[PDB]
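This is start_32.cif. It holds mmCIF, C-alpha atoms and all ligand atoms.
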data_entry
#
loop_
_atom_site.label_atom_id
_atom_site.label_comp_id
_atom_site.auth_asym_id
_atom_site.auth_seq_id
_atom_site.Cartn_x
_atom_site.Cartn_y
_atom_site.Cartn_z
CA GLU A 12 -91.94 35.10 12.98
CA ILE A 13 -93.07 31.44 12.74
CA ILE A 14 -89.55 30.02 13.27
CA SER A 15 -88.00 32.11 16.08
CA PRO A 16 -85.24 31.84 18.69
CA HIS A 17 -87.73 33.43 21.18
CA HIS A 18 -89.68 30.14 20.96
CA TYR A 19 -86.91 28.34 22.92
CA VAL A 20 -87.86 30.12 26.15
CA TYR A 21 -91.05 30.54 28.23
CA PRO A 22 -92.78 33.92 27.49
CA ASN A 23 -91.78 36.86 29.72
CA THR A 24 -88.91 34.74 31.18
CA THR A 25 -85.30 33.97 30.41
CA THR A 26 -85.71 30.27 31.25
CA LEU A 27 -85.62 27.58 28.52
CA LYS A 28 -88.64 25.39 27.94
CA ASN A 29 -88.15 22.09 29.74
CA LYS A 30 -89.82 18.70 30.22
CA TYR A 31 -90.29 19.47 33.92
CA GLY A 32 -92.54 22.47 33.29
CA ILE A 33 -90.42 24.58 35.68
CA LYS A 34 -90.43 28.32 34.87
CA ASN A 35 -88.23 29.51 37.81
CA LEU A 36 -84.67 29.75 36.47
CA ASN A 37 -83.01 28.63 39.71
CA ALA A 38 -85.37 25.71 40.34
CA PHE A 39 -84.97 24.48 36.75
CA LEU A 40 -81.15 24.73 36.92
CA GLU A 41 -81.05 22.62 40.08
CA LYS A 42 -83.29 19.92 38.62
CA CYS A 43 -81.27 19.92 35.41
CA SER A 44 -78.05 19.77 37.38
CA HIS A 45 -79.28 16.74 39.34
CA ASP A 46 -80.65 14.86 36.29
CA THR A 47 -77.67 15.43 33.97
CA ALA A 48 -75.28 14.29 36.76
CA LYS A 49 -77.09 10.91 36.79
CA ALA A 50 -76.89 10.69 32.99
CA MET A 51 -73.09 11.21 33.11
CA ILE A 52 -72.66 8.28 35.53
CA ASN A 53 -74.46 5.98 33.06
CA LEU A 54 -72.90 7.50 29.94
CA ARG A 55 -69.38 6.93 31.30
CA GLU A 56 -70.32 3.23 31.59
CA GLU A 57 -71.59 2.69 28.04
CA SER A 58 -69.13 1.13 25.58
CA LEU A 59 -67.08 3.28 23.28
CA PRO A 60 -68.55 3.76 19.81
CA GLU A 61 -66.99 2.47 16.61
CA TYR A 62 -67.22 5.86 14.85
CA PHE A 63 -66.67 9.29 16.36
CA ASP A 64 -68.83 11.51 14.21
CA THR A 65 -71.51 14.10 14.90
CA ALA A 66 -74.12 11.33 15.21
CA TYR A 67 -72.10 10.29 18.27
CA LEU A 68 -71.82 13.89 19.48
CA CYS A 69 -75.64 14.02 19.23
CA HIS A 70 -76.14 10.68 21.01
CA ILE A 71 -74.23 12.08 23.93
CA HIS A 72 -76.27 15.26 24.07
CA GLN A 73 -79.50 13.25 23.64
CA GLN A 74 -78.52 10.91 26.50
CA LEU A 75 -77.51 13.77 28.84
CA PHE A 76 -80.57 15.94 28.28
CA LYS A 77 -83.25 13.30 27.45
CA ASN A 78 -85.19 14.16 30.66
CA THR A 79 -84.73 17.97 30.48
CA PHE A 80 -85.21 19.12 26.86
CA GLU A 81 -87.45 17.99 24.03
CA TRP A 82 -84.72 18.86 21.52
CA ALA A 83 -82.06 16.80 23.31
CA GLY A 84 -80.37 15.20 20.29
CA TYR A 85 -80.84 18.20 18.01
CA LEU A 86 -78.48 20.70 16.40
CA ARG A 87 -79.55 24.37 16.65
CA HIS A 88 -79.74 25.28 12.93
CA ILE A 89 -82.54 22.65 12.40
CA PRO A 90 -86.07 24.01 13.10
CA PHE A 91 -87.68 22.17 15.99
CA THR A 92 -91.42 22.04 16.71
CA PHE A 93 -92.28 21.67 20.38
CA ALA A 94 -95.14 19.59 21.72
CA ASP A 95 -96.91 22.98 22.36
CA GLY A 96 -96.81 23.72 18.63
CA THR A 97 -94.27 26.57 18.51
CA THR A 98 -91.17 26.15 16.31
CA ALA A 99 -87.68 27.26 17.35
CA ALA A 100 -84.20 27.57 15.76
CA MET A 101 -81.12 29.63 16.61
CA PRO A 102 -78.82 29.91 13.64
CA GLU A 103 -77.17 33.10 14.94
CA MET A 104 -76.43 33.22 18.76
CA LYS A 105 -75.65 36.95 18.85
CA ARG A 106 -72.76 37.82 20.76
CA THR A 107 -72.15 41.51 21.05
CA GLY A 108 -70.72 42.69 17.71
CA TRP A 109 -67.29 43.27 19.29
CA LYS A 110 -67.04 39.68 20.61
CA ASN A 111 -65.75 36.80 18.46
CA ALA A 112 -68.61 35.04 17.19
CA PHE A 113 -69.67 31.40 16.70
CA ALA A 114 -70.76 29.95 13.30
CA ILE A 115 -74.00 31.08 11.64
CA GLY A 116 -76.61 28.97 9.83
CA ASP A 117 -75.20 26.49 7.32
CA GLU A 118 -71.64 27.01 8.52
CA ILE A 119 -72.68 24.78 11.45
CA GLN A 120 -73.35 21.97 8.98
CA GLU A 121 -70.24 22.71 6.87
CA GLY A 122 -68.08 22.70 10.01
CA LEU A 123 -69.48 19.50 11.48
CA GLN A 124 -69.33 17.53 8.19
CA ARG A 125 -65.68 18.63 7.98
CA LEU A 126 -65.06 17.37 11.53
CA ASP A 127 -66.68 14.02 10.56
CA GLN A 128 -64.73 13.91 7.35
CA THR A 129 -61.31 14.40 9.00
CA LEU A 130 -61.92 11.85 11.85
CA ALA A 131 -62.91 9.25 9.23
CA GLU A 132 -59.77 9.92 7.12
CA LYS A 133 -57.50 9.64 10.20
CA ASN A 134 -59.25 6.56 11.69
CA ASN A 135 -60.28 8.52 14.77
CA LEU A 136 -56.66 9.62 15.45
CA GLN A 137 -55.76 6.08 16.30
CA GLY A 138 -52.13 5.08 15.54
CA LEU A 139 -50.31 8.09 16.98
CA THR A 140 -47.88 9.25 19.62
CA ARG A 141 -49.14 11.55 22.37
CA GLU A 142 -47.75 14.69 20.78
CA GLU A 143 -49.29 13.68 17.41
CA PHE A 144 -52.61 12.89 19.07
CA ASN A 145 -52.70 16.06 21.19
CA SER A 146 -51.83 18.27 18.21
CA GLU A 147 -54.67 16.85 16.10
CA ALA A 148 -57.14 16.80 18.99
CA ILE A 149 -56.53 20.51 19.76
CA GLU A 150 -57.46 21.54 16.21
CA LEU A 151 -60.66 19.54 16.30
CA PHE A 152 -61.50 20.70 19.85
CA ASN A 153 -61.03 24.40 19.01
CA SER A 154 -62.95 23.86 15.82
CA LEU A 155 -65.96 22.28 17.57
CA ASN A 156 -65.81 24.98 20.22
CA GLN A 157 -66.42 27.72 17.61
CA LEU A 158 -69.34 25.81 16.06
CA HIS A 159 -71.29 25.79 19.38
CA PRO A 160 -73.54 23.21 17.68
CA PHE A 161 -76.25 22.86 20.32
CA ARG A 162 -78.38 25.59 21.90
CA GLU A 163 -77.08 24.47 25.33
CA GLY A 164 -74.97 21.69 26.89
CA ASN A 165 -72.04 22.06 24.52
CA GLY A 166 -69.32 21.91 27.23
CA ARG A 167 -70.14 18.61 28.87
CA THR A 168 -70.85 16.78 25.62
CA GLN A 169 -67.73 18.15 23.90
CA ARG A 170 -65.65 17.15 26.94
CA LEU A 171 -66.97 13.57 26.97
CA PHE A 172 -66.62 13.22 23.20
CA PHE A 173 -62.88 13.89 23.55
CA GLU A 174 -62.26 12.00 26.76
CA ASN A 175 -63.59 8.98 24.87
CA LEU A 176 -61.81 9.70 21.57
CA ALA A 177 -58.50 9.73 23.48
CA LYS A 178 -59.27 6.51 25.38
CA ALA A 179 -60.08 4.72 22.11
CA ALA A 180 -56.90 6.12 20.51
CA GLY A 181 -54.60 4.75 23.27
CA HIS A 182 -54.12 8.01 25.16
CA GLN A 183 -55.74 10.04 27.98
CA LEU A 184 -57.59 13.33 28.35
CA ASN A 185 -59.02 13.51 31.91
CA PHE A 186 -61.24 16.61 31.54
CA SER A 187 -62.63 16.15 35.05
CA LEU A 188 -59.32 17.62 36.31
CA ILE A 189 -59.93 20.92 34.47
CA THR A 190 -62.03 23.62 36.08
CA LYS A 191 -64.73 25.59 34.24
CA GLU A 192 -62.51 28.67 34.60
CA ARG A 193 -59.38 27.20 33.03
CA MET A 194 -61.43 26.03 30.02
CA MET A 195 -62.89 29.49 29.73
CA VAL A 196 -59.52 31.24 29.63
CA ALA A 197 -58.06 28.68 27.19
CA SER A 198 -61.08 28.95 24.86
CA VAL A 199 -61.14 32.76 25.07
CA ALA A 200 -57.40 32.92 24.32
CA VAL A 201 -57.87 30.95 21.10
CA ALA A 202 -61.03 32.75 19.92
CA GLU A 203 -59.64 36.23 20.51
CA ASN A 204 -55.88 36.11 19.81
CA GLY A 205 -55.60 32.80 17.99
CA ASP A 206 -53.30 31.88 20.91
CA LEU A 207 -52.95 28.08 21.42
CA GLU A 208 -50.50 28.18 24.37
CA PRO A 209 -53.06 27.96 27.22
CA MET A 210 -54.84 25.01 25.44
CA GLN A 211 -51.62 23.18 24.68
CA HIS A 212 -50.78 23.62 28.33
CA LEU A 213 -54.26 22.39 29.28
CA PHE A 214 -54.08 19.22 27.16
CA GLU A 215 -50.50 18.64 28.34
CA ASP A 216 -51.58 18.62 31.96
CA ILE A 217 -54.56 16.36 31.17
CA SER A 218 -52.61 13.75 29.07
CA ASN A 219 -49.10 13.50 30.61
CA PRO A 220 -49.20 10.73 33.27
CA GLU A 221 -46.54 12.52 35.31
CA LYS A 222 -48.78 15.61 35.63
CA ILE A 223 -52.12 13.78 35.89
CA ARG A 224 -50.98 12.13 39.15
CA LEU A 225 -50.09 15.61 40.46
CA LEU A 226 -53.59 16.96 39.75
CA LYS A 227 -55.36 13.81 41.05
CA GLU A 228 -53.56 14.25 44.37
CA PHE A 229 -54.56 17.91 44.64
CA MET A 230 -58.21 17.52 43.57
CA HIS A 231 -58.49 14.79 46.22
CA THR A 232 -57.66 17.29 49.00
CA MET A 233 -60.76 19.28 47.96
CA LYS A 234 -63.02 16.28 48.73
CA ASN A 235 -65.51 17.03 51.58
CA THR A 236 -63.93 20.41 52.37
CA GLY A 237 -67.14 22.27 51.45
CA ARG A 238 -65.20 24.16 48.74
CA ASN A 239 -65.57 24.31 44.93
CA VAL A 240 -62.38 24.87 42.88
CA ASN A 241 -64.50 25.22 39.68
CA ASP A 242 -64.19 29.03 40.13
CA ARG A 243 -60.36 28.82 40.33
CA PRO A 244 -57.75 27.94 37.70
CA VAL A 245 -55.82 24.80 38.78
CA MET A 246 -52.56 24.06 36.91
CA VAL A 247 -49.35 22.09 36.95
CA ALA A 248 -46.34 24.43 36.79
CA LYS A 249 -45.01 24.87 33.23
CA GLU A 250 -41.47 23.69 32.62
CA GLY A 251 -39.22 26.74 32.53
CA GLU A 252 -41.66 29.22 34.05
CA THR A 253 -41.35 30.94 37.44
CA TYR A 254 -44.28 31.32 39.85
CA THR A 255 -44.38 33.43 43.01
CA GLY A 256 -46.97 33.35 45.82
CA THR A 257 -47.92 31.72 49.13
CA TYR A 258 -47.38 28.10 50.23
CA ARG A 259 -50.52 25.94 50.50
CA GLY A 260 -48.80 22.75 51.80
CA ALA A 261 -47.13 19.62 50.43
CA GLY A 262 -48.02 15.98 49.82
CA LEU A 263 -45.99 12.88 48.93
CA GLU A 264 -45.69 13.47 45.18
CA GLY A 265 -46.34 17.22 44.97
CA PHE A 266 -47.23 20.55 46.60
CA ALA A 267 -49.53 23.58 46.00
CA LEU A 268 -49.16 27.40 45.70
CA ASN A 269 -51.59 30.33 45.55
CA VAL A 270 -50.74 32.88 42.81
CA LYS A 271 -53.47 35.54 42.49
CA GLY A 272 -56.42 33.15 43.06
CA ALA A 273 -54.93 30.26 41.05
CA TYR A 274 -53.52 26.99 42.37
CA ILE A 275 -50.15 26.01 40.87
CA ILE A 276 -49.07 22.44 41.50
CA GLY A 277 -45.45 21.25 41.48
CA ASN A 278 -43.50 18.03 41.90
CA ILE A 279 -42.12 17.81 45.43
CA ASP A 280 -38.69 16.80 44.06
CA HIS A 281 -38.34 20.10 42.17
CA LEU A 282 -38.05 21.99 45.48
CA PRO A 283 -34.57 22.55 46.91
CA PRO A 284 -34.24 19.86 49.65
CA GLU A 285 -33.33 22.52 52.25
CA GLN A 286 -36.36 24.77 51.59
CA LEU A 287 -38.83 21.88 52.11
CA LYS A 288 -37.46 21.45 55.69
CA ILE A 289 -38.42 24.95 56.91
CA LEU A 290 -41.48 25.79 54.74
CA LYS A 291 -44.85 26.28 56.54
CA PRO A 292 -48.33 27.05 55.05
CA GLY A 293 -48.65 30.76 54.18
CA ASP A 294 -44.92 31.29 53.61
CA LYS A 295 -44.08 33.41 50.56
CA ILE A 296 -42.06 31.30 48.10
CA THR A 297 -40.66 31.77 44.60
CA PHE A 298 -40.35 28.55 42.59
CA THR A 299 -39.00 27.77 39.11
CA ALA A 300 -39.92 24.60 37.24
CA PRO A 301 -36.82 22.91 35.81
CA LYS A 302 -36.23 21.76 32.20
MG MG A 401 -74.20 26.09 30.22
NI NI A 402 -93.44 33.97 18.42
NI NI A 403 -83.08 11.83 41.64
#
Go through the file and emit its structure as structure tokens.
Amino acid sequence: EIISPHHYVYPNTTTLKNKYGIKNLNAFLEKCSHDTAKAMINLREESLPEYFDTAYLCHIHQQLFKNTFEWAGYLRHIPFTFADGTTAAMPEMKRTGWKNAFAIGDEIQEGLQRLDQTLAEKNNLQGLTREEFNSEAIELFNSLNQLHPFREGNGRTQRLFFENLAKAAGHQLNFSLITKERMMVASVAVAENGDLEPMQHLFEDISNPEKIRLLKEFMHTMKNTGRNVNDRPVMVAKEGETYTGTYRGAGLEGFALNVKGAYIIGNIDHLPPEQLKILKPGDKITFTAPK
């Protein structure tokens, strides 16, 4: 057909059409990675907007991908004619039938107008306590996650939309402290079971100053190690829960565990004073977060 999803990609390849003219998937992904990283640095310096609507969501995407994709600012239900003449649009997405699916066609527009409508009615979530703000933000975040409004680049732009919404509303949501894996599990939990607990946990860790300082400390230790924790879920221990694993070493404010490929982080003062004395790296330890 004239308007086809196949028109997003170079023929015979799996690699999206790009402003660089690169057809090798790996080469393209490296160039994109480099360019979008520069865009973030500048985007994080621009002033906050007055309105947080989809126009702003689009501005972000447009600014991030201006040098990579011709359709940078564009939502995926709106037919887009490339410079080369072909016209593309992906209303569907097509998961496997058994997977939970994103919104189709005009649902994208219904959903997004709704998101704009609620943020306007609630003055961008502005006069609220942290629990009030986090509760409202989680609905909107989950909501926007199921719309998957752009063909690609949803994650980064969604993350920066909310980091900025929070900042404007007098709160924090440092998404840079969340790995790609943790976001994946939290999103999957909500889309499959309707389970909010992982996300609540995620936002809690990202907004509570007492837990943000714990993560900042840990993420620092990764700097110049050669490693990449993006593969690995990094969390602050939930209050009440019990974690068991192997000791990864302490700091001033907090320590780290390894529980089946995941880093759990705890306040140093929650350890029994007498354990801390004789506890070396690699020691098996059970820990329970207090009230
Ligand atoms: Mg991606
Ligand atoms: Ni065609
Ligand atoms: Ni460069």
Residue 281 (chain A) environment, 10 Å, only C-alpha atoms, sequence neighbours closer than 6 positions dropped, as number ranges by chain:
A: 265-266, 298-301
Please report, as a Markdown table, each residue of region 146-247 of chain A lying at most 8 Å from region 115-129 of chain A, together with the nearest pair of atoms and the separation in Å rounded to one decimal; use only C-alpha atoms, and order rows by chain and ascending residue number.
| residue | atom | partner | partner_atom | distance |
| --- | --- | --- | --- | --- |
| A:151 | CA | A:126 | CA | 6.8 |
| A:154 | CA | A:122 | CA | 7.8 |
| A:155 | CA | A:123 | CA | 7.6 |
| A:158 | CA | A:119 | CA | 5.8 |
| A:160 | CA | A:119 | CA | 6.5 |
Give me, as CSV, each residue of chain A that comes within 10 Å of ligand NI 403 (chain A), together with its shortest interatomic pair and the distance in Å at one decimal, counting all atoms listed in the file, with rows ordered by chain and rising residue number.
residue,atom,partner,partner_atom,distance
A:42,CA,A:NI403,NI,8.6
A:45,CA,A:NI403,NI,6.6
A:46,CA,A:NI403,NI,6.6
A:48,CA,A:NI403,NI,9.5
A:49,CA,A:NI403,NI,7.8
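You will find CA of residue 54 (chain A) at 17.5 Å from CA of residue 183 (chain A).
The spacing separating CA of residue 277 (chain A) from CA of residue 250 (chain A) amounts to 10.0 Å.
For the atom pair formed by CA of residue 193 (chain A) and CA of residue 217 (chain A), the distance is 12.0 Å, given to one decimal.
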In terms of the shortest atom-to-atom distance over only C-alpha atoms, which of A:112, A:86, A:179, A:268 is closest to residue 202 (chain A)?
A:112
Residues of chain A that approach ligand NI 402 (chain A) to 12 Å or less, counting all atoms listed in the file: could you list each one with the shortest pair of atoms and its distance in Å to one decimal, rows by chain and increasing residue number, as a tab-separated table?
residue	atom	partner	partner_atom	distance
A:12	CA	A:NI402	NI	5.8
A:13	CA	A:NI402	NI	6.2
A:14	CA	A:NI402	NI	7.6
A:15	CA	A:NI402	NI	6.2
A:16	CA	A:NI402	NI	8.5
A:17	CA	A:NI402	NI	6.4
A:18	CA	A:NI402	NI	5.9
A:19	CA	A:NI402	NI	9.7
A:20	CA	A:NI402	NI	10.3
A:21	CA	A:NI402	NI	10.7
A:22	CA	A:NI402	NI	9.1
A:23	CA	A:NI402	NI	11.8
A:96	CA	A:NI402	NI	10.8
A:97	CA	A:NI402	NI	7.4
A:98	CA	A:NI402	NI	8.4
A:99	CA	A:NI402	NI	8.9
A:100	CA	A:NI402	NI	11.6
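Around ligand MG 401 (chain A), the neighbouring residues within 10 Å, taking all atoms listed in the file, come to residues 40, 162, 163, 164, 165, 166 and 167 of chain A.
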Limited to C-alpha atoms, could you put the picked residues into a file as a CSV table (one decimal), keeping the file's coordinate frame?
chain,number,residue,atom,x,y,z
A,40,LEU,CA,-81.2,24.7,36.9
A,162,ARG,CA,-78.4,25.6,21.9
A,163,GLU,CA,-77.1,24.5,25.3
A,164,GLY,CA,-75.0,21.7,26.9
A,165,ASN,CA,-72.0,22.1,24.5
A,166,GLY,CA,-69.3,21.9,27.2
A,167,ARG,CA,-70.1,18.6,28.9
For region 66-79 of chain A, please output as a PyMOL selection string all residues within 9 Å (counting all atoms listed in the file; exclusion window: fewer than 2 positions along the same chain).
chain A and resi 28-31+42-43+46-51+54+60+62-64+81-86+161+164-165+167-169+171-172
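Restricting the calculation to only C-alpha atoms, the smallest distance between residue 263 (chain A) and any of A:187, A:218, A:278, A:26 is found for A:278.
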Could you give me, as an MDAnalysis selection string, the residues that have an atom at most 9 Å away from the point (-66.5, 16.2, 37.7) in the coordinates of the file, using all atoms listed in the file?
chainID A and resid 186:190
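Using only C-alpha atoms for every distance, the candidate list A:175, A:286, A:241, A:253 yields A:253 as the residue closest to residue 302 (chain A).
Taking all atoms listed in the file into account, residue 256 (chain A) lies nearest to A:293 out of the set A:293, A:237, A:220, A:244.
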Give the centre and edge lengths of an axis-aligned box, in Å to one decimal, that holds all listed atoms of region 30-46 of chain A with 5 Å on each side, as lines of an AutoDock Vina configuration file.
center_x = -85.3
center_y = 22.3
center_z = 35.3
size_x = 24.5
size_y = 24.9
size_z = 20.1
